[PDB]
>>> print(open('target_37.pdb').read())   # PDB, C-alpha atoms
ATOM      1  CA  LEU J   1       0.000   0.000   0.000  1.00  0.00           C
ATOM      2  CA  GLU J   2       0.939   3.668  -0.301  1.00  0.00           C
ATOM      3  CA  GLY J   3      -0.093   4.935   3.113  1.00  0.00           C
ATOM      4  CA  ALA J   4      -2.845   6.128   5.416  1.00  0.00           C
ATOM      5  CA  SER J   5      -5.286   8.031   3.218  1.00  0.00           C
ATOM      6  CA  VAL J   6      -7.745   8.235   6.135  1.00  0.00           C
ATOM      7  CA  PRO J   7      -7.238  11.081   8.638  1.00  0.00           C
ATOM      8  CA  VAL J   8      -7.656  10.838  12.394  1.00  0.00           C
ATOM      9  CA  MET J   9     -11.173  12.197  12.734  1.00  0.00           C
ATOM     10  CA  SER J  10     -12.623  14.017  15.721  1.00  0.00           C
ATOM     11  CA  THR J  11     -15.032  12.434  18.182  1.00  0.00           C
ATOM     12  CA  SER J  12     -17.344  15.392  17.670  1.00  0.00           C
ATOM     13  CA  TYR J  13     -21.063  15.521  16.929  1.00  0.00           C
ATOM     14  CA  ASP J  14     -23.623  18.338  17.124  1.00  0.00           C
ATOM     15  CA  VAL J  15     -23.809  18.312  20.935  1.00  0.00           C
ATOM     16  CA  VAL J  16     -20.899  16.048  21.893  1.00  0.00           C
ATOM     17  CA  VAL J  17     -17.676  17.900  21.065  1.00  0.00           C
ATOM     18  CA  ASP J  18     -14.353  16.136  21.815  1.00  0.00           C
ATOM     19  CA  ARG J  19     -15.619  13.373  24.141  1.00  0.00           C
ATOM     20  CA  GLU J  20     -17.697  15.884  26.150  1.00  0.00           C
ATOM     21  CA  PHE J  21     -21.327  16.964  25.992  1.00  0.00           C
ATOM     22  CA  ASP J  22     -21.719  19.145  29.086  1.00  0.00           C
ATOM     23  CA  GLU J  23     -20.940  22.813  28.505  1.00  0.00           C
ATOM     24  CA  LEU J  24     -19.799  23.145  32.121  1.00  0.00           C
ATOM     25  CA  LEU J  25     -17.173  20.440  31.561  1.00  0.00           C
ATOM     26  CA  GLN J  26     -16.546  21.460  27.958  1.00  0.00           C
ATOM     27  CA  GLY J  27     -13.294  23.410  27.867  1.00  0.00           C
ATOM     28  CA  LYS J  28     -10.871  24.343  30.631  1.00  0.00           C
ATOM     29  CA  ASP J  29     -13.825  24.938  32.960  1.00  0.00           C
ATOM     30  CA  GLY J  30     -13.991  21.178  33.436  1.00  0.00           C
ATOM     31  CA  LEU J  31     -10.415  21.349  34.699  1.00  0.00           C
ATOM     32  CA  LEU J  32     -11.662  23.606  37.497  1.00  0.00           C
ATOM     33  CA  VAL J  33     -14.201  20.959  38.509  1.00  0.00           C
ATOM     34  CA  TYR J  34     -11.543  18.250  38.274  1.00  0.00           C
ATOM     35  CA  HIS J  35      -9.269  20.302  40.509  1.00  0.00           C
ATOM     36  CA  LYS J  36     -12.028  21.095  43.009  1.00  0.00           C
ATOM     37  CA  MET J  37     -12.858  17.398  43.308  1.00  0.00           C
ATOM     38  CA  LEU J  38      -9.420  16.906  44.886  1.00  0.00           C
ATOM     39  CA  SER J  39     -10.878  18.473  48.056  1.00  0.00           C
ATOM     40  CA  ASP J  40     -12.999  15.374  48.689  1.00  0.00           C
ATOM     41  CA  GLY J  41     -12.100  12.826  51.320  1.00  0.00           C
ATOM     42  CA  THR J  42     -13.230   9.901  49.177  1.00  0.00           C
ATOM     43  CA  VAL J  43     -11.577  11.094  45.962  1.00  0.00           C
ATOM     44  CA  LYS J  44      -8.251  11.946  47.594  1.00  0.00           C
ATOM     45  CA  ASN J  45      -8.307   8.656  49.516  1.00  0.00           C
ATOM     46  CA  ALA J  46      -8.860   6.610  46.362  1.00  0.00           C
ATOM     47  CA  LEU J  47      -6.236   8.588  44.459  1.00  0.00           C
ATOM     48  CA  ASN J  48      -3.669   8.210  47.241  1.00  0.00           C
ATOM     49  CA  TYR J  49      -4.264   4.455  47.417  1.00  0.00           C
ATOM     50  CA  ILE J  50      -4.195   3.959  43.638  1.00  0.00           C
ATOM     51  CA  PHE J  51      -1.128   6.108  43.044  1.00  0.00           C
ATOM     52  CA  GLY J  52       0.754   4.640  45.992  1.00  0.00           C
ATOM     53  CA  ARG J  53      -0.024   1.164  44.718  1.00  0.00           C
ATOM     54  CA  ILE J  54       1.244   2.192  41.281  1.00  0.00           C
ATOM     55  CA  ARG J  55       4.467   3.521  42.839  1.00  0.00           C
ATOM     56  CA  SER J  56       5.272   0.114  44.418  1.00  0.00           C
ATOM     57  CA  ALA J  57       4.722  -2.125  41.405  1.00  0.00           C
ATOM     58  CA  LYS J  58       8.250  -3.668  41.337  1.00  0.00           C
ATOM     59  CA  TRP J  59       9.054  -2.431  37.856  1.00  0.00           C
ATOM     60  CA  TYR J  60      11.819  -4.032  35.835  1.00  0.00           C
ATOM     61  CA  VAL J  61      13.343  -3.332  32.446  1.00  0.00           C
ATOM     62  CA  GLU J  62      12.865  -6.267  30.161  1.00  0.00           C
ATOM     63  CA  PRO J  63      15.340  -6.442  27.260  1.00  0.00           C
ATOM     64  CA  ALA J  64      14.559  -7.438  23.697  1.00  0.00           C
ATOM     65  CA  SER J  65      16.557 -10.670  23.452  1.00  0.00           C
ATOM     66  CA  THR J  66      19.337 -12.535  25.271  1.00  0.00           C
ATOM     67  CA  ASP J  67      21.938 -10.798  23.094  1.00  0.00           C
ATOM     68  CA  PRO J  68      24.485  -8.698  25.035  1.00  0.00           C
ATOM     69  CA  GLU J  69      23.669  -5.621  22.935  1.00  0.00           C
ATOM     70  CA  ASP J  70      20.038  -5.760  24.081  1.00  0.00           C
ATOM     71  CA  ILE J  71      21.110  -6.337  27.687  1.00  0.00           C
ATOM     72  CA  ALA J  72      23.572  -3.440  27.349  1.00  0.00           C
ATOM     73  CA  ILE J  73      20.972  -0.974  26.074  1.00  0.00           C
ATOM     74  CA  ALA J  74      18.447  -2.280  28.620  1.00  0.00           C
ATOM     75  CA  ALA J  75      20.861  -1.592  31.478  1.00  0.00           C
ATOM     76  CA  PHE J  76      21.600   1.747  29.797  1.00  0.00           C
ATOM     77  CA  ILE J  77      17.984   2.916  29.867  1.00  0.00           C
ATOM     78  CA  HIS J  78      17.605   1.359  33.325  1.00  0.00           C
ATOM     79  CA  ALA J  79      20.354   3.705  34.479  1.00  0.00           C
ATOM     80  CA  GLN J  80      18.579   6.497  32.591  1.00  0.00           C
ATOM     81  CA  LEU J  81      15.306   5.890  34.430  1.00  0.00           C
ATOM     82  CA  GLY J  82      16.617   4.709  37.777  1.00  0.00           C
ATOM     83  CA  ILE J  83      14.141   1.984  38.695  1.00  0.00           C
ATOM     84  CA  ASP J  84      16.203   1.592  41.845  1.00  0.00           C
ATOM     85  CA  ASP J  85      14.977   4.620  43.803  1.00  0.00           C
ATOM     86  CA  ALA J  86      17.828   7.164  43.696  1.00  0.00           C
ATOM     87  CA  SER J  87      20.620   8.071  41.278  1.00  0.00           C
TER      88      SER J  87
ATOM     89  CA  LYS H   1     -18.164  18.805  62.754  1.00  0.00           C
ATOM     90  CA  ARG H   2     -17.563  21.913  64.866  1.00  0.00           C
ATOM     91  CA  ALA H   3     -20.794  23.548  63.705  1.00  0.00           C
ATOM     92  CA  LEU H   4     -22.699  20.339  64.440  1.00  0.00           C
ATOM     93  CA  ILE H   5     -21.234  20.152  67.954  1.00  0.00           C
ATOM     94  CA  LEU H   6     -22.438  23.705  68.570  1.00  0.00           C
ATOM     95  CA  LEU H   7     -25.877  22.794  67.199  1.00  0.00           C
ATOM     96  CA  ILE H   8     -26.082  19.855  69.612  1.00  0.00           C
ATOM     97  CA  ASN H   9     -25.028  22.138  72.464  1.00  0.00           C
ATOM     98  CA  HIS H  10     -27.814  24.553  71.541  1.00  0.00           C
ATOM     99  CA  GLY H  11     -30.325  21.731  71.098  1.00  0.00           C
ATOM    100  CA  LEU H  12     -29.822  19.807  74.321  1.00  0.00           C
ATOM    101  CA  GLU H  13     -30.490  22.950  76.379  1.00  0.00           C
ATOM    102  CA  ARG H  14     -33.933  23.007  74.758  1.00  0.00           C
ATOM    103  CA  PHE H  15     -34.797  19.308  74.724  1.00  0.00           C
ATOM    104  CA  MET H  16     -33.548  18.435  78.214  1.00  0.00           C
ATOM    105  CA  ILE H  17     -34.816  21.182  80.520  1.00  0.00           C
ATOM    106  CA  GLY H  18     -37.385  22.903  78.292  1.00  0.00           C
ATOM    107  CA  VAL H  19     -37.717  26.635  77.743  1.00  0.00           C
ATOM    108  CA  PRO H  20     -40.218  28.209  80.155  1.00  0.00           C
ATOM    109  CA  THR H  21     -42.850  30.710  79.152  1.00  0.00           C
ATOM    110  CA  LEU H  22     -45.126  32.733  81.392  1.00  0.00           C
ATOM    111  CA  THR H  23     -48.095  34.946  80.565  1.00  0.00           C
ATOM    112  CA  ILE H  24     -48.978  37.867  82.831  1.00  0.00           C
ATOM    113  CA  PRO H  25     -51.636  40.558  82.404  1.00  0.00           C
ATOM    114  CA  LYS H  26     -50.671  43.992  81.124  1.00  0.00           C
ATOM    115  CA  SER H  27     -50.909  45.554  84.603  1.00  0.00           C
ATOM    116  CA  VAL H  28     -47.440  44.246  85.462  1.00  0.00           C
ATOM    117  CA  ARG H  29     -44.633  46.232  83.856  1.00  0.00           C
ATOM    118  CA  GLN H  30     -40.862  46.007  84.111  1.00  0.00           C
ATOM    119  CA  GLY H  31     -38.972  46.741  87.302  1.00  0.00           C
ATOM    120  CA  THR H  32     -41.954  45.994  89.548  1.00  0.00           C
ATOM    121  CA  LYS H  33     -42.187  43.511  92.399  1.00  0.00           C
ATOM    122  CA  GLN H  34     -44.396  41.259  90.276  1.00  0.00           C
ATOM    123  CA  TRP H  35     -41.830  41.486  87.473  1.00  0.00           C
ATOM    124  CA  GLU H  36     -39.069  40.456  89.874  1.00  0.00           C
ATOM    125  CA  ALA H  37     -41.332  37.669  91.148  1.00  0.00           C
ATOM    126  CA  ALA H  38     -41.804  36.368  87.600  1.00  0.00           C
ATOM    127  CA  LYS H  39     -38.030  36.525  87.105  1.00  0.00           C
ATOM    128  CA  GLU H  40     -37.665  34.543  90.331  1.00  0.00           C
ATOM    129  CA  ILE H  41     -40.174  31.925  89.142  1.00  0.00           C
ATOM    130  CA  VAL H  42     -38.368  31.449  85.819  1.00  0.00           C
ATOM    131  CA  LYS H  43     -34.943  31.352  87.491  1.00  0.00           C
ATOM    132  CA  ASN H  44     -36.188  28.795  90.012  1.00  0.00           C
ATOM    133  CA  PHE H  45     -37.648  26.686  87.216  1.00  0.00           C
ATOM    134  CA  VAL H  46     -34.235  26.686  85.554  1.00  0.00           C
ATOM    135  CA  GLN H  47     -31.971  26.317  88.571  1.00  0.00           C
ATOM    136  CA  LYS H  48     -33.848  24.777  91.538  1.00  0.00           C
ATOM    137  CA  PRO H  49     -36.679  22.651  90.114  1.00  0.00           C
ATOM    138  CA  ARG H  50     -37.971  21.548  93.527  1.00  0.00           C
ATOM    139  CA  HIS H  51     -39.368  24.731  95.087  1.00  0.00           C
ATOM    140  CA  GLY H  52     -42.314  24.330  92.727  1.00  0.00           C
ATOM    141  CA  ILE H  53     -44.472  26.912  91.019  1.00  0.00           C
ATOM    142  CA  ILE H  54     -47.152  28.872  92.867  1.00  0.00           C
ATOM    143  CA  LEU H  55     -49.271  31.043  90.672  1.00  0.00           C
ATOM    144  CA  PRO H  56     -52.189  33.420  90.898  1.00  0.00           C
ATOM    145  CA  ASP H  57     -55.258  32.318  88.956  1.00  0.00           C
ATOM    146  CA  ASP H  58     -54.358  34.524  85.949  1.00  0.00           C
ATOM    147  CA  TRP H  59     -50.786  33.451  85.171  1.00  0.00           C
ATOM    148  CA  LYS H  60     -50.225  30.511  82.821  1.00  0.00           C
ATOM    149  CA  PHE H  61     -46.814  28.939  83.256  1.00  0.00           C
ATOM    150  CA  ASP H  62     -45.941  26.660  80.367  1.00  0.00           C
ATOM    151  CA  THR H  63     -43.074  25.145  78.439  1.00  0.00           C
ATOM    152  CA  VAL H  64     -42.831  26.061  74.772  1.00  0.00           C
ATOM    153  CA  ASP H  65     -44.021  22.984  72.896  1.00  0.00           C
ATOM    154  CA  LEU H  66     -41.500  22.234  70.162  1.00  0.00           C
ATOM    155  CA  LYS H  67     -43.858  19.372  69.171  1.00  0.00           C
ATOM    156  CA  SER H  68     -41.068  17.176  67.800  1.00  0.00           C
ATOM    157  CA  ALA H  69     -38.487  14.866  69.299  1.00  0.00           C
ATOM    158  CA  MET H  70     -34.808  15.691  69.034  1.00  0.00           C
ATOM    159  CA  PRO H  71     -33.341  14.194  65.843  1.00  0.00           C
ATOM    160  CA  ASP H  72     -30.440  11.802  66.248  1.00  0.00           C
ATOM    161  CA  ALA H  73     -27.333  13.742  65.232  1.00  0.00           C
ATOM    162  CA  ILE H  74     -24.936  10.885  66.133  1.00  0.00           C
ATOM    163  CA  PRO H  75     -24.973   9.482  62.530  1.00  0.00           C
ATOM    164  CA  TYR H  76     -24.025  12.904  61.162  1.00  0.00           C
ATOM    165  CA  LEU H  77     -21.166  13.166  63.667  1.00  0.00           C
ATOM    166  CA  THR H  78     -19.932   9.713  62.704  1.00  0.00           C
ATOM    167  CA  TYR H  79     -20.305  10.685  59.045  1.00  0.00           C
ATOM    168  CA  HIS H  80     -18.079  13.740  59.335  1.00  0.00           C
ATOM    169  CA  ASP H  81     -15.625  11.839  61.528  1.00  0.00           C
ATOM    170  CA  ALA H  82     -15.552   9.158  58.834  1.00  0.00           C
ATOM    171  CA  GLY H  83     -14.940  11.928  56.313  1.00  0.00           C
ATOM    172  CA  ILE H  84     -11.931  13.177  58.286  1.00  0.00           C
ATOM    173  CA  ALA H  85     -10.442   9.718  58.790  1.00  0.00           C
ATOM    174  CA  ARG H  86     -11.102   8.836  55.151  1.00  0.00           C
ATOM    175  CA  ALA H  87      -9.399  12.026  53.985  1.00  0.00           C
ATOM    176  CA  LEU H  88      -6.388  11.120  56.103  1.00  0.00           C
ATOM    177  CA  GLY H  89      -6.148   7.762  54.348  1.00  0.00           C
ATOM    178  CA  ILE H  90      -6.415   5.266  57.197  1.00  0.00           C
ATOM    179  CA  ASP H  91      -8.703   2.343  57.943  1.00  0.00           C
ATOM    180  CA  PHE H  92     -11.399   2.536  60.597  1.00  0.00           C
ATOM    181  CA  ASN H  93      -9.908  -0.269  62.683  1.00  0.00           C
ATOM    182  CA  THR H  94      -6.617   1.351  63.718  1.00  0.00           C
ATOM    183  CA  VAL H  95      -8.192   4.668  64.570  1.00  0.00           C
ATOM    184  CA  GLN H  96     -11.105   3.646  66.746  1.00  0.00           C
ATOM    185  CA  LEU H  97     -13.989   4.476  64.427  1.00  0.00           C
ATOM    186  CA  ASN H  98     -15.306   0.998  63.481  1.00  0.00           C
ATOM    187  CA  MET H  99     -18.892   1.360  64.734  1.00  0.00           C
ATOM    188  CA  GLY H 100     -21.280  -1.341  63.566  1.00  0.00           C
ATOM    189  CA  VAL H 101     -19.740  -1.728  60.110  1.00  0.00           C
ATOM    190  CA  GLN H 102     -18.333  -5.063  59.013  1.00  0.00           C
ATOM    191  CA  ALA H 103     -14.722  -6.088  59.544  1.00  0.00           C
ATOM    192  CA  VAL H 104     -12.430  -6.761  56.598  1.00  0.00           C
ATOM    193  CA  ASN H 105     -12.846 -10.317  55.301  1.00  0.00           C
ATOM    194  CA  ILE H 106      -9.549 -11.006  53.506  1.00  0.00           C
ATOM    195  CA  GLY H 107      -8.515  -7.619  52.180  1.00  0.00           C
ATOM    196  CA  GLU H 108      -6.581  -6.945  49.009  1.00  0.00           C
ATOM    197  CA  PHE H 109      -2.891  -7.549  48.244  1.00  0.00           C
ATOM    198  CA  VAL H 110      -2.170  -4.651  50.613  1.00  0.00           C
ATOM    199  CA  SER H 111      -4.359  -2.639  52.946  1.00  0.00           C
ATOM    200  CA  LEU H 112      -5.327   1.028  52.822  1.00  0.00           C
TER     201      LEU H 112
END
>>> encode(input="target_37.pdb", output="structure tokens")
Amino acid sequence: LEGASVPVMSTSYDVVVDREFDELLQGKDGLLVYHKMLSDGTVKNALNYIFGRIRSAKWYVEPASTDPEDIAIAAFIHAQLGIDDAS
Amino acid sequence: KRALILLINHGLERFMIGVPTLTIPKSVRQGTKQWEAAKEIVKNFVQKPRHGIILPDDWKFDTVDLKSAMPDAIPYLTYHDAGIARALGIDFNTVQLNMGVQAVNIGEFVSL
């Protein structure tokens, strides 16, 4: 084939514009509501539990193959990220 | 929680001793001996509720009938206390707030 002749189209319709239909949550005004919901006990509790459980996932870099070049670049980007806590 | 504690402190003074009311004729005005006697009757109803009430045949001593029982504000107190302890991110067993709700069966891979 030549290539993608089909563009990435919007999710918009006459009322629903960019995955949203409420005018209060339409533009950056929805970001105000999303920021004000951080003042909830339930919301902040669930976010603290979920994000703390993400931060203790025991991540590890998996290389491509057993070749020493793949292990070398895997240890390289492991040193770049620092999966072990500090660097 | 603080506003609800002050509402309970204003509500118990009504529902536990009862606010007194007293109707006198218009002949008695302020600063008179009958006015001081009515003050003494109300103060004795509040403070020393054993001297009793002795009235002339015109005065009608009464308590103001609120005509409703006091609503139970204990669930609202436990709700806001649960809100505080939930916002702090701690279970209700370590801080002593487990009140009639079920204990944790197995839990998840970790706790809260």
>>> interface_residues(input="target_37.pdb", of="chain H", to="chain J", cutoff="12 Å", atoms="only C-alpha atoms", output="NGL selection string")
:H and (79-91 or 108-112)
>>> axis_aligned_box(input="target_37.pdb", around="region 7-14 of chain J", padding_each_side="8 Å", output="lines of an AutoDock Vina configuration file")
center_x = -15.4
center_y = 14.6
center_z = 13.4
size_x = 32.4
size_y = 23.5
size_z = 25.5
>>> atom_distance(input="target_37.pdb", atom1="CA of residue 83 (chain J)", atom2="CA of residue 62 (chain J)")
11.9 Å
>>> resolve_selection(input="target_37.pdb", expression="the PyMOL selection byres ((chain H and resi 4-11) around 9)", output="list in words")
residues 1, 2, 3, 12, 13, 14, 15, 16, 70, 73, 76 and 77 of chain H
>>> closest_residue(input="target_37.pdb", among="H:55, H:97, H:66, H:22", to="residue 39 (chain H)", atoms="all atoms listed in the file")
H:22
